[PDB]
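Report on the following structure.
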Amino acid sequence: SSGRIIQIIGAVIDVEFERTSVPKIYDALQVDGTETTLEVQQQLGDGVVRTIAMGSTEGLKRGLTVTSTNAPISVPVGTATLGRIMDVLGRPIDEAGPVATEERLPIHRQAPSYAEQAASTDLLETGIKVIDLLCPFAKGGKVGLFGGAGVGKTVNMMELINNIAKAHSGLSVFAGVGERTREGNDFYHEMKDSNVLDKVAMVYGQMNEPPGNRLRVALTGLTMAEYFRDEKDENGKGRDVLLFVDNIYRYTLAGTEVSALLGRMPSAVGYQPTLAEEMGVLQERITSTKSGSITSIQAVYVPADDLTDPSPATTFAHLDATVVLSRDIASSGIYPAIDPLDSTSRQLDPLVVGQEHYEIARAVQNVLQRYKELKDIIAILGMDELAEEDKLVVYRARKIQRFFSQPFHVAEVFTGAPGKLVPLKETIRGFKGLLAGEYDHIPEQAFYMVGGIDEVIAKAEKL
Amino acid sequence: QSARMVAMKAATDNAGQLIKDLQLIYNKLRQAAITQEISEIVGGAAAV
Amino acid sequence: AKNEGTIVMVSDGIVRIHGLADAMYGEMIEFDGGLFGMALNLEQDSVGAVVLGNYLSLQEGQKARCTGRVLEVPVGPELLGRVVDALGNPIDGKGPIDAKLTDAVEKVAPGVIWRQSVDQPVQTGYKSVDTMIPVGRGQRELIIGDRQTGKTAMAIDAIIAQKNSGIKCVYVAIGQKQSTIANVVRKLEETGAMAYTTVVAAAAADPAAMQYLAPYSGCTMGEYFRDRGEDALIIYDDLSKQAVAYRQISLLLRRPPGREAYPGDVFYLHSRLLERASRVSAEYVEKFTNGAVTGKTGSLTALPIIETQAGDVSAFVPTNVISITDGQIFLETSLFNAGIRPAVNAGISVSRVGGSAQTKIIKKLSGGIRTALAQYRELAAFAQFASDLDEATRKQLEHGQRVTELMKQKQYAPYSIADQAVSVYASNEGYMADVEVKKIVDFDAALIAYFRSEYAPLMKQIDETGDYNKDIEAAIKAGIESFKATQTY
Amino acid sequence: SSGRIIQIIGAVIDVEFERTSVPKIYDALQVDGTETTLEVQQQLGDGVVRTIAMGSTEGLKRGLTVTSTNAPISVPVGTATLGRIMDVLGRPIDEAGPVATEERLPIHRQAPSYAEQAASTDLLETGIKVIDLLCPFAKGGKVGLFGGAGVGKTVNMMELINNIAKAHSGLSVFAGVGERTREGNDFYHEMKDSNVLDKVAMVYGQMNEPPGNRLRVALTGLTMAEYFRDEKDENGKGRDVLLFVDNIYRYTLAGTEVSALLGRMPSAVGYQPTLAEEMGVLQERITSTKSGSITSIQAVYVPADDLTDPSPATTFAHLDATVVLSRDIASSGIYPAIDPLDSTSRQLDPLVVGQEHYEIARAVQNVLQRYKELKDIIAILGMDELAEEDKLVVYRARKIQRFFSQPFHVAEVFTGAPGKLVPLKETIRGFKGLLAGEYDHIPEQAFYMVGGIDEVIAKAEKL
Amino acid sequence: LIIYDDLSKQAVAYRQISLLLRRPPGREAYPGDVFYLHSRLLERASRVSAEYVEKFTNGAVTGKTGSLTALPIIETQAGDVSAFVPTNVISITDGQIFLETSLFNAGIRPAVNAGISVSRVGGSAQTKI
Amino acid sequence: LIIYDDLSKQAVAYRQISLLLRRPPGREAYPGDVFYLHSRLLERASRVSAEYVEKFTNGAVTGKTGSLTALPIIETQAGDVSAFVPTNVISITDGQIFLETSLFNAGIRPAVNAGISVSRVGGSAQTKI
């Protein structure tokens, strides 16, 4: 009820209460006469609760008053949020008026039980033609996106955001953990440009914010995606939802910064005492229930190019697939620039996909590896020296790379490209035909910027 | 001359392997040193 | 008053209580709301406790009561084919499990004079681990390797292939995603193994207390059959995650840090657990059961799994574990990515029991394969820088290559004792010398086929008896000749 | 005289007392309620004594009562203990009835004075090629084996027991500290079937016991050997004694486990502040004074597989002969894995062993060091570039490294090959011939696991 | 346009003034919040929009888009980039210019390393020519 | 002429006797006053002048000078001459004689490293020939 502030040391604030009732862990508190909310992080006795504030603390003092909500940080969720931008507490920041949904749900909740899990592992079809053949995603699975700016990272995000709603009738949630303000504004305007903003939701927490704000932002996007998945249409089929996170590395870093402020015996290379617990509580709620499913695309950054660091080691135990973007492909003019030799997927086994799909993927990877080993010798020595068989490998690899590039549904403003959503069967058929050797007379130029093997047959017949 | 090219290319590949192993050892040592320094700092700060 | 206390501090799952004067070590405590806690530290004016549950519902000033009985788990033969939490509460929704007796979780192993030497063998279906690294009832072995390298596959293959052999099984999962546990349960139920198996689960979302405690409950449930003359086999899915949970719950206690910020007593935590897998003598069984059963010896095998970073076995926890177990199986990611599956390293993998724990024919046949493999590996690594090699080096390299190709297998494909016997006899005698390397695996398959259709009576005799006499040797040699003489691979 | 338990944490119990009767240091106390013997480790004013509990601590509450024996932990000595198994406190555990002797000795006493030390000069020949050639031993000395987990320390200790104690007239004491139980039972039965049990006393404290029992179990075997040394035949001469300690590292590891609970500050890598003094107060009592001669053999564990750790660094100076085991040589399949370099003995000088012995050992170490130094340029460049003499050094070093291998008597089970024994002069002759250059043409594959130069000739012909 | 002489020296004084006040130690004794300290300063350099200017000045000035640039400076010990503060500041900013010591003494002035010096904005911040 | 068998053992004993006394630790857990411990001991080795000798003995001894040379000993861990204690001792002593394991094992005995061993006093100490 009527509390007091006892100790302001930076963000950490100790708040005293009545003896009988001391707000439980994670119960949000409101400070009278000011915009600031407090989130309990540990109880110390004598009613003292040691908590962290959200937002800056200049102007506060010892002796104020605080009231208790007796509930965690409830965010407003519903269908209204789509197309808006909200704070960590779900407050609008794009100067577009209040949201029109009254449904408040907490962000602190238990994960689904063992009997609530699905009875199967199913695939998610996005028709990118390179993300389905070599690196298949799985409903409920998790993908780690490797690459920085300059290789069109946002273009792929736009394409997936559009495709999830166009083919599987689903909505998406975007949460940005410690992103730069300038590039955030650039992203927002870029998405408003392609007319894709009205299928997504956005939650932003920037670098200038106290680490408490950055740490508990991802849970807001998680709760919104949960509500998008849960609601059932007639026939109760549920929905398939996507969740994007800008860099989980900054999530862990905010976690360890918050641990020190509260004070703790460091562990390992300075990381927090409890490092995996946090990763699990974030990444065990991205699962596939019998009602619906949530997939997650998270971008990752490895410190010091050392995969043995505790943070990459802990986060790598949950990643089901990895996508890598190489600047060399971008320079070669092939979009999207996704490497066909350094991307991994745990779903590429004969048990899940089947026999012929697995054989196709492995055969194309083998041919590409052989071409990668052959290009060095063809450079130092001359092309003619090489055997006729390896030349064939070179030509097939070139055609394969060209075929791996397709137009997008969000680039029709820039070039008038209608956009393609290729079903997987056409991709497998075309690749099997190409590996067989029936597409040996068609010139290579017939493969670039084409959605399907027919388009290639039509394009190749045209010229 | 035909031998020297393959000799130097094999030397370069061996150098790449050696630098990879040395990088592994370097990372292990760096993490150990950081852990030791942090432990010493915390222990000393507990004394005062 | 002396049995009723209050909560004073709640922080990250550790609760410090007051009162509770007649409170003993290890004894459980019941919080309000049907939530239990375990005492860890006594002090001059307070009691420390870890909550085994969801501590977010507990707040200051709540009451707590001391049951008076040590932490114990329900145990019996009714726990077969069920899935339970660390304390034994079912979660699969198949209804309550009747349990006749409850056993303690903190116990010490039988003394020196109450043991016996392991001589009864255990079969897994993998050629390499049987011939190269034999195991036996009562012997502890460790499966160690890099991430996503095949460790859980080998541990499930043993549980599957133990059907038909009167061996119970317990499977403990610590720090696993719920998808993987559900998938494993599905795979177990498909092949009928769950008919004689038990599963204890503690996922990555579960607190540190349950993840730390679960293997003790698994061991206590597996001790029931050993203390009565029957056998049992228990598999800890990841000991490293248990060590990590212990590290977290100790650093939360401000205990002094150490190598890799691990406390001092991280060797006791693993030794007190891994040294309960023992073979007891008939005297111990007779005394424990009060003469109900006589002339029968118990046993309990353990197969814990541990995971290494960047493929080093020189770390702190891996070497702590290696010095406790009677062997280790090292799975190398470099070979796993290269196609050698299961990827096993002959140099590091050993077994301390040796030839005692296997069949007579396998013992006579699989002699000194591991050392030859390790020497071959070293020599081959040396031949890169060498310009000229003599004849003996060439022969050693060829033999090592053939043996390396032979020891390959797929998932869910068990091999009988006779199968391994025939394959190893063919390998040793050099009948594979003229065979092309690339065909060797395929060649192997054909051999077994030609020994199932004909020479079938011998096959049954070897499978049941496991006996070697100049007749068995002559018959196997004659069979091998016929196959190569008149057949295709 | 009756005290009440005040605090129980782990294995450390601190107990109050009356003001005038506080028990002294190292005395033993008995709990009336259960079977437990506590040992005093420190005084804390106000008549409060900190103690380590010998046994289980489950079921012990606060307010339990304790009586004082006013005397340290006494153990029975004499000939009654020949061929029996005893606990840490002397209680028999072989189920063969009580031990009939009233002769009790305390296990805490001062080290022998400087005036009564003795010089050890008589040599002792084991039968192992590398030990009797490069690291020679001498009666009444001290021997140590250093290795990391899984390298071969025990299989060598048991082989030395086989080649020495079985063929020696005199008593023996075997103390096991912090090791596997299965090995203890195997050793007991193996000694029983050979009808040599009646000459050996045994003490066992294994890894399954609380650190209190693992911390003070070496002193009991020490006291038994101490009595067996000073005892003299009536009108007759004394006899030799032998001592075997399975692992002395656990003795310090127990103190490390219980150090922080005693109130001591941490130091170096988490070790207790008082380490070397703790090592010395035990390692000095293993002495061969003017009365009798004790020949002890110990195995020392190397944590994390590096010799720079403080625990194996402090103990290097307490031994006469040190034998260091290497994991690389083990992984190479060479057995026993003893490093020719970094293995020294204080009995290798021209006076004690002669001239030819010294010259042979020096030349061998020189050749091996030369090859180890040469390895790097081979690693980077290749083999053809080195001088022909360096190629000869490479081949000789390989052959020497193989020739140090030898099959054992207690390791027939692992490999299926019978044991072997080699006289010292044969070792000298073989190494002289090898360094001479007369065995150059013999293939290096014939030098593996064969004992004596002749067996090598036969094996070379066999190939 | 603002030019901070050396922030590396701001950090050192922040570490000292924090340790003197008994705040929790961490890697290099640095306090709990250092990344926040540098971000709170380097996130104030932006280019507001005309609506912001009009709202701030109550319509006194319109049509003009305001802007504050920033060029902070950091020095390294023995030419490393993996320390705590250098990594923080590298992560915060929008590009870096590397000045070497090998190039500086070899007579090459100014010593700019074009290999590993980048700017994210790039071509949008240059005149047409 | 005085010889100390191993001041390293002495430094460790000082660390134990100080840590037991509850004194603040530091690099490698060695408390303060570690430099003082070896400096005040190694500074007493010096040569006095004949006037000092004459004054001390009140004229009993005339026309003679006293001296006290020192040769202390310190051990290293795999060549780590950059640890806490060897650097202090190396900074105090006039000269340093280094013994190498890779030289001892090669048969070069005594194993003295000529390229790292120096003496400040130099030729003045030696005889004419």
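In this document, chain identifiers A, B, C, D, E and F correspond to the written order of the chains, with residue numbering beginning at 1 in each.
One rule holds for everything that comes next: a residue touches a chain if its C-beta (ideal position, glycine included) is under 8 Å from a C-beta of that chain, and two chains touch if they have at least 3 such contacts.
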Chain pair with the higher count of C-beta pairs in contact (D-F, A-B): D-F
Longest centre-to-centre distance from chain E, chain (CA-based): D
Rounded Å distance between chain B and chain D, as computed from the means of their C-alpha atoms: 35
CA centroid of chain D to CA centroid of chain E, Å: 60
Junction residues of chain B, two or more chains touched: 28, 34-35, 38-39, 42-43, 47
Touching two or more other chains - residue numbers and ranges from chain C: 257, 260-261, 310
Junction residues of chain D - those touching two or more other chains: 265-266, 269-270, 379, 382
Pairwise chain contacts, counting only pairs that touch as defined: A-B, A-C, A-E, B-C, B-D, B-E, B-F, C-D, D-F
Residue numbers on chain C that touch chain D, as the complex places them: 21-26, 41-44, 70, 106, 108-109, 111-113, 115-117, 255-259, 264-265, 267-268, 271-272, 275, 278, 314-316, 319-320, 322-324, 326, 328, 347-348, 350, 354-356, 363, 367-368, 371-372, 374-375, 378, 385-387, 390, 392-393, 396
Interfacial residue positions of chain B with respect to chain D in the complex: 7, 10-11, 14-15, 18, 36, 39, 43, 47
Partner chain F, residues of chain D touching it in the complex: 264-268, 273-274, 276-277, 308, 313, 341, 362, 365-366, 369-370, 373
Touching residues on chain B, where the partner in the complex is chain E: 34, 37-38, 41-42, 45
Residue ranges of chain A touching chain B (in the complex, touch as defined): 265-266, 268-270, 304, 306, 308-309, 380
